[PDB]
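So this block is run.txt, compact mmCIF, N, CA, C and O atoms:
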```txt
# COMPACT_ATOMS: atom_id res chain seq x y z
N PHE A 1 -6.52 17.58 11.68
CA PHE A 1 -7.89 17.91 11.29
C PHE A 1 -8.14 17.71 9.80
O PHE A 1 -9.29 17.68 9.36
N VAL A 2 -7.08 17.56 9.01
CA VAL A 2 -7.26 17.42 7.57
C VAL A 2 -7.42 15.97 7.12
O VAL A 2 -7.97 15.72 6.04
N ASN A 3 -6.98 15.00 7.93
CA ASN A 3 -6.90 13.61 7.48
C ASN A 3 -8.11 12.81 7.97
O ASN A 3 -8.01 11.88 8.77
N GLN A 4 -9.27 13.18 7.43
CA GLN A 4 -10.54 12.55 7.78
C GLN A 4 -11.58 12.92 6.72
O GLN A 4 -11.29 13.67 5.78
N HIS A 5 -12.80 12.39 6.87
CA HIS A 5 -13.92 12.81 6.03
C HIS A 5 -14.39 14.20 6.47
O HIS A 5 -14.70 14.42 7.64
N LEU A 6 -14.48 15.12 5.51
CA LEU A 6 -14.80 16.52 5.77
C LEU A 6 -15.90 16.95 4.81
O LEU A 6 -15.67 17.00 3.60
N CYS A 7 -17.07 17.30 5.35
CA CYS A 7 -18.22 17.67 4.54
C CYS A 7 -18.84 18.96 5.06
O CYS A 7 -18.71 19.29 6.25
N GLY A 8 -19.50 19.68 4.16
CA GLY A 8 -20.22 20.89 4.55
C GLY A 8 -19.32 21.90 5.23
O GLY A 8 -18.21 22.19 4.77
N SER A 9 -19.79 22.44 6.35
CA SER A 9 -19.04 23.49 7.04
C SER A 9 -17.72 22.96 7.56
O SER A 9 -16.76 23.73 7.73
N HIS A 10 -17.65 21.66 7.85
CA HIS A 10 -16.40 21.06 8.32
C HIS A 10 -15.33 21.13 7.25
O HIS A 10 -14.15 21.33 7.54
N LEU A 11 -15.73 20.99 5.99
CA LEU A 11 -14.80 21.05 4.87
C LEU A 11 -14.40 22.48 4.60
O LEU A 11 -13.22 22.79 4.40
N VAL A 12 -15.39 23.37 4.59
CA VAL A 12 -15.10 24.77 4.37
C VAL A 12 -14.17 25.30 5.47
O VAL A 12 -13.26 26.09 5.20
N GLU A 13 -14.39 24.85 6.71
CA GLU A 13 -13.52 25.26 7.81
C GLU A 13 -12.08 24.81 7.57
O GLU A 13 -11.13 25.56 7.85
N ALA A 14 -11.89 23.59 7.06
CA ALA A 14 -10.53 23.11 6.81
C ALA A 14 -9.84 23.93 5.72
O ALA A 14 -8.67 24.31 5.87
N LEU A 15 -10.56 24.23 4.63
CA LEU A 15 -10.00 25.10 3.59
C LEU A 15 -9.60 26.45 4.15
O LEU A 15 -8.54 26.99 3.82
N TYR A 16 -10.47 27.03 4.99
CA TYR A 16 -10.14 28.30 5.64
C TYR A 16 -8.85 28.18 6.44
O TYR A 16 -7.95 29.02 6.31
N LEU A 17 -8.74 27.14 7.27
CA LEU A 17 -7.56 27.01 8.13
C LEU A 17 -6.29 26.77 7.31
O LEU A 17 -5.24 27.33 7.61
N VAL A 18 -6.38 25.93 6.27
CA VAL A 18 -5.19 25.56 5.50
C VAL A 18 -4.76 26.70 4.59
O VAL A 18 -3.57 27.05 4.53
N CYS A 19 -5.71 27.30 3.86
CA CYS A 19 -5.36 28.28 2.84
C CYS A 19 -5.01 29.64 3.41
O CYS A 19 -4.34 30.42 2.73
N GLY A 20 -5.46 29.95 4.63
CA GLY A 20 -5.05 31.21 5.25
C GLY A 20 -5.41 32.40 4.38
O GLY A 20 -6.47 32.45 3.76
N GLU A 21 -4.48 33.36 4.30
CA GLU A 21 -4.73 34.61 3.59
C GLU A 21 -4.80 34.44 2.07
O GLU A 21 -5.27 35.35 1.38
N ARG A 22 -4.35 33.31 1.53
CA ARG A 22 -4.56 33.06 0.11
C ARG A 22 -6.04 32.89 -0.24
O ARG A 22 -6.43 33.13 -1.40
N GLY A 23 -6.89 32.54 0.71
CA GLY A 23 -8.27 32.23 0.38
C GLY A 23 -8.37 30.97 -0.47
O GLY A 23 -7.39 30.27 -0.71
N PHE A 24 -9.58 30.68 -0.94
CA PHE A 24 -9.83 29.40 -1.60
C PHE A 24 -11.11 29.51 -2.43
O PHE A 24 -11.83 30.51 -2.36
N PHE A 25 -11.39 28.46 -3.19
CA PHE A 25 -12.69 28.32 -3.83
C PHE A 25 -13.30 26.98 -3.43
O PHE A 25 -12.60 25.97 -3.32
N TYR A 26 -14.60 27.02 -3.15
CA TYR A 26 -15.37 25.87 -2.70
C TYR A 26 -16.43 25.63 -3.76
O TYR A 26 -17.35 26.44 -3.91
N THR A 27 -16.28 24.55 -4.52
CA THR A 27 -17.13 24.27 -5.68
C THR A 27 -17.63 22.84 -5.52
O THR A 27 -17.08 21.90 -6.12
N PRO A 28 -18.69 22.64 -4.72
CA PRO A 28 -19.09 21.27 -4.36
C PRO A 28 -19.75 20.49 -5.49
O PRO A 28 -19.79 19.26 -5.43
N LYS A 29 -20.25 21.16 -6.53
CA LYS A 29 -20.88 20.45 -7.63
C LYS A 29 -19.89 20.05 -8.72
O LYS A 29 -20.31 19.45 -9.72
N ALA A 30 -18.61 20.35 -8.56
CA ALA A 30 -17.64 20.01 -9.60
C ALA A 30 -17.40 18.51 -9.60
O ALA A 30 -17.02 17.93 -8.57
N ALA A 31 -17.62 17.88 -10.75
CA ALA A 31 -17.50 16.43 -10.86
C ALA A 31 -16.09 16.01 -10.46
O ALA A 31 -15.11 16.62 -10.89
N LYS A 32 -16.02 15.01 -9.58
CA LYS A 32 -14.76 14.51 -9.02
C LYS A 32 -13.95 15.61 -8.32
O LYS A 32 -12.75 15.44 -8.06
N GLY A 33 -14.59 16.75 -8.01
CA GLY A 33 -13.93 17.81 -7.27
C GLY A 33 -13.80 17.54 -5.79
O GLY A 33 -13.57 16.40 -5.37
N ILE A 34 -13.98 18.58 -4.96
CA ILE A 34 -13.58 18.47 -3.56
C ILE A 34 -14.51 17.54 -2.79
O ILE A 34 -14.07 16.86 -1.85
N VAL A 35 -15.79 17.47 -3.15
CA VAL A 35 -16.70 16.63 -2.38
C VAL A 35 -16.27 15.17 -2.47
O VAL A 35 -16.13 14.48 -1.45
N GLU A 36 -16.04 14.69 -3.70
CA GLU A 36 -15.57 13.32 -3.87
C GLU A 36 -14.23 13.11 -3.19
O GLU A 36 -13.97 12.04 -2.62
N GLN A 37 -13.34 14.10 -3.24
CA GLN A 37 -11.99 13.89 -2.74
C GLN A 37 -11.89 14.03 -1.22
O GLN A 37 -11.04 13.37 -0.60
N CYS A 38 -12.74 14.85 -0.59
CA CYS A 38 -12.59 15.11 0.83
C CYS A 38 -13.80 14.75 1.68
O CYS A 38 -13.64 14.54 2.88
N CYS A 39 -15.00 14.67 1.09
CA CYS A 39 -16.22 14.35 1.83
C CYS A 39 -16.58 12.87 1.72
O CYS A 39 -16.71 12.18 2.74
N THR A 40 -16.75 12.36 0.49
CA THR A 40 -17.07 10.94 0.35
C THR A 40 -15.85 10.03 0.50
O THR A 40 -16.02 8.83 0.72
N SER A 41 -14.63 10.55 0.38
CA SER A 41 -13.44 9.80 0.76
C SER A 41 -12.58 10.67 1.66
O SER A 41 -12.86 11.86 1.85
N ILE A 42 -11.53 10.07 2.22
CA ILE A 42 -10.73 10.78 3.20
C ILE A 42 -9.92 11.87 2.51
O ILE A 42 -9.30 11.64 1.46
N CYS A 43 -9.95 13.05 3.10
CA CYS A 43 -9.28 14.24 2.61
C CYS A 43 -7.79 14.17 2.92
O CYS A 43 -7.32 13.34 3.71
N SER A 44 -7.03 15.06 2.28
CA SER A 44 -5.63 15.24 2.62
C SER A 44 -5.25 16.71 2.47
O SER A 44 -5.90 17.46 1.73
N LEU A 45 -4.20 17.11 3.18
CA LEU A 45 -3.65 18.45 3.00
C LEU A 45 -3.27 18.69 1.54
O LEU A 45 -3.53 19.76 0.98
N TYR A 46 -2.63 17.70 0.91
CA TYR A 46 -2.28 17.83 -0.50
C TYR A 46 -3.49 18.24 -1.34
O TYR A 46 -3.43 19.18 -2.14
N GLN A 47 -4.62 17.56 -1.15
CA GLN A 47 -5.79 17.86 -1.97
C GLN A 47 -6.43 19.19 -1.58
O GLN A 47 -6.80 19.98 -2.46
N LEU A 48 -6.56 19.47 -0.28
CA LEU A 48 -7.14 20.74 0.15
C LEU A 48 -6.43 21.92 -0.51
O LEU A 48 -7.07 22.86 -0.98
N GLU A 49 -5.10 21.88 -0.54
CA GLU A 49 -4.33 22.98 -1.09
C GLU A 49 -4.53 23.14 -2.59
O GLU A 49 -4.29 24.23 -3.11
N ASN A 50 -5.01 22.11 -3.30
CA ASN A 50 -5.39 22.33 -4.69
C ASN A 50 -6.49 23.37 -4.80
O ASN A 50 -6.66 23.95 -5.87
N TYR A 51 -7.22 23.63 -3.72
CA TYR A 51 -8.32 24.58 -3.78
C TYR A 51 -8.00 25.93 -3.15
O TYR A 51 -8.88 26.81 -3.13
N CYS A 52 -6.78 26.15 -2.67
CA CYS A 52 -6.38 27.49 -2.25
C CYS A 52 -6.08 28.33 -3.48
O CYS A 52 -5.66 27.82 -4.52
N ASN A 53 -6.30 29.64 -3.37
CA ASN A 53 -5.93 30.55 -4.47
C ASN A 53 -4.41 30.60 -4.58
O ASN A 53 -3.85 30.76 -5.67
N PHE B 1 -28.18 36.85 10.20
CA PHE B 1 -26.76 36.56 10.37
C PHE B 1 -25.89 37.27 9.33
O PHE B 1 -24.67 37.35 9.49
N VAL B 2 -26.50 37.78 8.26
CA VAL B 2 -25.71 38.41 7.21
C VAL B 2 -25.50 39.91 7.43
O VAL B 2 -24.55 40.48 6.88
N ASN B 3 -26.34 40.56 8.25
CA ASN B 3 -26.33 42.02 8.34
C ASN B 3 -25.54 42.48 9.57
O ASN B 3 -26.06 43.07 10.52
N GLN B 4 -24.23 42.23 9.51
CA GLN B 4 -23.30 42.58 10.59
C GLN B 4 -21.87 42.52 10.04
O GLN B 4 -21.65 42.19 8.88
N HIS B 5 -20.90 42.86 10.89
CA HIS B 5 -19.50 42.67 10.56
C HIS B 5 -19.15 41.18 10.63
O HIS B 5 -19.37 40.53 11.65
N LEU B 6 -18.57 40.66 9.55
CA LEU B 6 -18.27 39.24 9.40
C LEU B 6 -16.83 39.09 8.95
O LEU B 6 -16.49 39.49 7.83
N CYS B 7 -15.99 38.46 9.78
CA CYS B 7 -14.57 38.31 9.49
C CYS B 7 -14.14 36.87 9.74
O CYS B 7 -14.75 36.15 10.53
N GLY B 8 -13.09 36.46 9.03
CA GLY B 8 -12.51 35.14 9.24
C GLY B 8 -13.53 34.03 9.03
O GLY B 8 -14.29 34.03 8.06
N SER B 9 -13.55 33.09 9.97
CA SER B 9 -14.44 31.94 9.82
C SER B 9 -15.90 32.36 9.86
O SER B 9 -16.76 31.66 9.30
N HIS B 10 -16.20 33.47 10.53
CA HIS B 10 -17.57 33.96 10.58
C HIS B 10 -18.05 34.38 9.19
O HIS B 10 -19.22 34.19 8.84
N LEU B 11 -17.15 34.93 8.39
CA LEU B 11 -17.48 35.35 7.04
C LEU B 11 -17.58 34.15 6.12
O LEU B 11 -18.52 34.04 5.32
N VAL B 12 -16.62 33.25 6.23
CA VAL B 12 -16.66 32.04 5.43
C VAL B 12 -17.92 31.24 5.72
O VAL B 12 -18.56 30.69 4.82
N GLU B 13 -18.32 31.19 7.00
CA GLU B 13 -19.55 30.50 7.37
C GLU B 13 -20.77 31.13 6.70
O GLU B 13 -21.67 30.42 6.24
N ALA B 14 -20.82 32.46 6.63
CA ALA B 14 -21.97 33.11 6.00
C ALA B 14 -22.02 32.80 4.50
O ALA B 14 -23.10 32.49 3.97
N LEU B 15 -20.87 32.85 3.82
CA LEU B 15 -20.83 32.47 2.40
C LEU B 15 -21.32 31.04 2.20
O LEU B 15 -22.08 30.76 1.26
N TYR B 16 -20.87 30.13 3.06
CA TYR B 16 -21.33 28.74 3.00
C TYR B 16 -22.85 28.68 3.13
O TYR B 16 -23.52 28.03 2.32
N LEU B 17 -23.41 29.36 4.13
CA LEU B 17 -24.86 29.28 4.36
C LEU B 17 -25.65 29.91 3.22
O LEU B 17 -26.67 29.36 2.79
N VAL B 18 -25.18 31.05 2.70
CA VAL B 18 -25.92 31.78 1.67
C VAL B 18 -25.81 31.08 0.32
O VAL B 18 -26.81 30.88 -0.38
N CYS B 19 -24.59 30.70 -0.07
CA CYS B 19 -24.36 30.19 -1.41
C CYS B 19 -24.80 28.75 -1.59
O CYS B 19 -25.03 28.33 -2.73
N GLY B 20 -24.91 27.98 -0.50
CA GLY B 20 -25.45 26.63 -0.62
C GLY B 20 -24.64 25.80 -1.60
O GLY B 20 -23.41 25.88 -1.66
N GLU B 21 -25.35 25.02 -2.43
CA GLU B 21 -24.70 24.09 -3.35
C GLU B 21 -23.98 24.79 -4.50
O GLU B 21 -23.18 24.15 -5.19
N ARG B 22 -24.24 26.07 -4.75
CA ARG B 22 -23.44 26.80 -5.73
C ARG B 22 -21.98 26.95 -5.30
O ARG B 22 -21.11 27.11 -6.16
N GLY B 23 -21.68 26.86 -4.01
CA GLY B 23 -20.32 27.15 -3.56
C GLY B 23 -19.97 28.62 -3.76
O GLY B 23 -20.80 29.43 -4.14
N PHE B 24 -18.71 28.95 -3.50
CA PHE B 24 -18.30 30.35 -3.48
C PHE B 24 -16.79 30.43 -3.63
O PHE B 24 -16.09 29.41 -3.61
N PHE B 25 -16.29 31.65 -3.76
CA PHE B 25 -14.86 31.90 -3.65
C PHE B 25 -14.61 32.95 -2.57
O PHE B 25 -15.37 33.91 -2.43
N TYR B 26 -13.57 32.70 -1.78
CA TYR B 26 -13.19 33.54 -0.65
C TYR B 26 -11.79 34.05 -0.97
O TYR B 26 -10.83 33.27 -0.98
N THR B 27 -11.68 35.34 -1.27
CA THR B 27 -10.43 35.95 -1.74
C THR B 27 -10.18 37.17 -0.88
O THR B 27 -10.49 38.30 -1.28
N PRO B 28 -9.61 36.98 0.31
CA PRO B 28 -9.53 38.09 1.28
C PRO B 28 -8.51 39.16 0.92
O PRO B 28 -8.61 40.28 1.44
N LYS B 29 -7.54 38.87 0.06
CA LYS B 29 -6.55 39.87 -0.31
C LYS B 29 -6.99 40.72 -1.50
O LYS B 29 -6.23 41.59 -1.92
N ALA B 30 -8.18 40.49 -2.05
CA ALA B 30 -8.61 41.26 -3.21
C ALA B 30 -8.96 42.68 -2.78
O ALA B 30 -9.80 42.88 -1.89
N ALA B 31 -8.30 43.66 -3.40
CA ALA B 31 -8.49 45.05 -3.03
C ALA B 31 -9.96 45.42 -3.17
O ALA B 31 -10.59 45.10 -4.18
N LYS B 32 -10.50 46.04 -2.12
CA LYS B 32 -11.91 46.41 -2.04
C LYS B 32 -12.85 45.21 -2.22
O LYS B 32 -14.05 45.38 -2.47
N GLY B 33 -12.32 43.99 -2.09
CA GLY B 33 -13.14 42.79 -2.16
C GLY B 33 -13.94 42.53 -0.89
O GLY B 33 -14.43 43.45 -0.25
N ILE B 34 -14.06 41.25 -0.52
CA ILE B 34 -15.04 40.88 0.50
C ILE B 34 -14.64 41.38 1.88
O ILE B 34 -15.51 41.72 2.70
N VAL B 35 -13.35 41.47 2.17
CA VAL B 35 -12.95 41.90 3.51
C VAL B 35 -13.42 43.32 3.77
O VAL B 35 -14.05 43.61 4.80
N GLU B 36 -13.13 44.23 2.84
CA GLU B 36 -13.59 45.61 2.98
C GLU B 36 -15.10 45.68 3.01
O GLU B 36 -15.68 46.48 3.76
N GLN B 37 -15.78 44.85 2.22
CA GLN B 37 -17.23 44.98 2.11
C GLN B 37 -17.98 44.32 3.27
O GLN B 37 -19.07 44.78 3.63
N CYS B 38 -17.43 43.25 3.87
CA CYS B 38 -18.17 42.51 4.87
C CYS B 38 -17.50 42.44 6.23
O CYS B 38 -18.19 42.22 7.23
N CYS B 39 -16.18 42.62 6.31
CA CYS B 39 -15.45 42.54 7.58
C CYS B 39 -15.20 43.93 8.18
O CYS B 39 -15.60 44.19 9.31
N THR B 40 -14.56 44.83 7.43
CA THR B 40 -14.33 46.18 7.96
C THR B 40 -15.56 47.07 7.87
O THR B 40 -15.61 48.09 8.56
N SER B 41 -16.55 46.73 7.04
CA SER B 41 -17.84 47.40 7.10
C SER B 41 -18.93 46.34 7.14
O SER B 41 -18.67 45.14 6.99
N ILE B 42 -20.17 46.79 7.35
CA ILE B 42 -21.26 45.85 7.54
C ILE B 42 -21.58 45.16 6.23
O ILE B 42 -21.69 45.80 5.18
N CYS B 43 -21.71 43.84 6.30
CA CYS B 43 -21.99 42.97 5.18
C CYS B 43 -23.47 43.06 4.79
O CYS B 43 -24.31 43.58 5.53
N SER B 44 -23.78 42.53 3.61
CA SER B 44 -25.17 42.36 3.21
C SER B 44 -25.30 41.09 2.39
O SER B 44 -24.33 40.59 1.80
N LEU B 45 -26.52 40.55 2.37
CA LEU B 45 -26.82 39.42 1.49
C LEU B 45 -26.49 39.75 0.03
O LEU B 45 -25.91 38.93 -0.70
N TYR B 46 -26.86 40.95 -0.41
CA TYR B 46 -26.54 41.36 -1.77
C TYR B 46 -25.05 41.18 -2.07
O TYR B 46 -24.67 40.60 -3.09
N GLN B 47 -24.18 41.65 -1.17
CA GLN B 47 -22.75 41.56 -1.44
C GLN B 47 -22.24 40.13 -1.31
O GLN B 47 -21.45 39.67 -2.14
N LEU B 48 -22.67 39.39 -0.28
CA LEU B 48 -22.23 38.00 -0.13
C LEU B 48 -22.47 37.21 -1.40
O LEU B 48 -21.61 36.45 -1.84
N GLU B 49 -23.66 37.37 -2.01
CA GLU B 49 -24.00 36.61 -3.20
C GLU B 49 -23.13 36.98 -4.40
O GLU B 49 -23.03 36.18 -5.33
N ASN B 50 -22.49 38.16 -4.40
CA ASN B 50 -21.51 38.42 -5.44
C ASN B 50 -20.39 37.39 -5.42
O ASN B 50 -19.71 37.22 -6.44
N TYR B 51 -20.20 36.70 -4.30
CA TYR B 51 -19.10 35.74 -4.20
C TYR B 51 -19.55 34.29 -4.32
O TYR B 51 -18.71 33.39 -4.22
N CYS B 52 -20.83 34.02 -4.55
CA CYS B 52 -21.26 32.66 -4.86
C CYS B 52 -20.91 32.34 -6.30
O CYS B 52 -20.87 33.23 -7.16
N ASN B 53 -20.65 31.07 -6.58
CA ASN B 53 -20.41 30.66 -7.98
C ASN B 53 -21.71 30.78 -8.76
O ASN B 53 -21.71 31.07 -9.96
```
Translate the structure described by the file into structure tokens.
Amino acid sequence: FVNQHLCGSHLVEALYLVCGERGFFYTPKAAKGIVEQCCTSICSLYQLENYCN
Amino acid sequence: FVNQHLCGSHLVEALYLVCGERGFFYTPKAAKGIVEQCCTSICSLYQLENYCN
């Protein structure tokens, strides 16, 4: 579920599933942040975990 | 959708819907943080927005 284009609630859902009890931060307006890395291009577990606490 | 018990993906979904493009942080292990305020007791828009960026 992580190795695809993930946007909006689909992206937030992946962060929830990956980060578990650590939680995460979702900052879609951050330049070259998660939207560019996971929504406009293909996401990865490696990148998603950059956003777990 | 905000004025009820909200846990797990249901809570993350509400933060997504409320915070919009500001994004948010989801920190479930924070003592007296969002889990106590929105999951084990009834959530509110006022409290959810404390977690928007």
If we count all atoms listed in the file, which residues of chain B reach to within 4.5 Å of chain A? Please list them as a PyMOL selection string. chain B and resi 21-26+29
Atom CA of residue 5 of chain B and atom CA of residue 41 of chain B are how many Å apart?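 According to the coordinates, atom CA of residue 5 of chain B and atom CA of residue 41 of chain B are separated by 6.1 Å.
Every protein or nucleic acid residue with an atom no more than 10 Å from residue 37 of chain A, counting only C-alpha atoms and leaving out same-chain residues fewer than 6 positions away, appears here: residues 5, 6, 43, 44, 47 and 48 of chain A.
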Let's have the selection written as a short mmCIF file (atom, residue, chain, number, x, y, z; two decimals), keeping the file's coordinate frame, with N, CA, C and O atoms.
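This is the output file result.cif:
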```cif
data_model
loop_
_atom_site.label_atom_id
_atom_site.label_comp_id
_atom_site.auth_asym_id
_atom_site.auth_seq_id
_atom_site.Cartn_x
_atom_site.Cartn_y
_atom_site.Cartn_z
N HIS A 5 -12.80 12.39 6.87
CA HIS A 5 -13.92 12.81 6.03
C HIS A 5 -14.39 14.20 6.47
O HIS A 5 -14.70 14.42 7.64
N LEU A 6 -14.48 15.12 5.51
CA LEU A 6 -14.80 16.52 5.77
C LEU A 6 -15.90 16.95 4.81
O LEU A 6 -15.67 17.00 3.60
N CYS A 43 -9.95 13.05 3.10
CA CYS A 43 -9.28 14.24 2.61
C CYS A 43 -7.79 14.17 2.92
O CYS A 43 -7.32 13.34 3.71
N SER A 44 -7.03 15.06 2.28
CA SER A 44 -5.63 15.24 2.62
C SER A 44 -5.25 16.71 2.47
O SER A 44 -5.90 17.46 1.73
N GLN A 47 -4.62 17.56 -1.15
CA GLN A 47 -5.79 17.86 -1.97
C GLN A 47 -6.43 19.19 -1.58
O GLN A 47 -6.80 19.98 -2.46
N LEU A 48 -6.56 19.47 -0.28
CA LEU A 48 -7.14 20.74 0.15
C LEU A 48 -6.43 21.92 -0.51
O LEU A 48 -7.07 22.86 -0.98
#
```
Between atom C of residue 34 of chain B and atom CA of residue 50 of chain A, what distance in Å does the model show, to one decimal?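 Computing the Euclidean distance for atom C of residue 34 of chain B and atom CA of residue 50 of chain A yields 22.2 Å.
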Let's see if you can do this: from backbone DSSP, list all helix (DSSP H, G or I) residues in chain B, as a list in words. residues 9, 10, 11, 12, 13, 14, 15, 16, 17, 18, 19, 20, 21, 22, 34, 35, 36, 37, 38, 39, 45, 46, 47, 48 and 49 of chain B
Could you work out how far atom N of residue 18 of chain A lies from atom N of residue 31 of chain B, giving the answer in Å with one decimal?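 Going from atom N of residue 31 of chain B over to atom N of residue 18 of chain A covers 20.3 Å.
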Mind checking DSSP for chain A and telling me the strand (DSSP E or B) residues as a ChimeraX atom specification? /A:24-26,52
Residues at most 7 Å from residue 7 of chain B, counting only N, CA, C and O atoms, excluding those fewer than 4 positions away in the same chain, as a list in words? residues 11, 12, 38, 39 and 40 of chain B
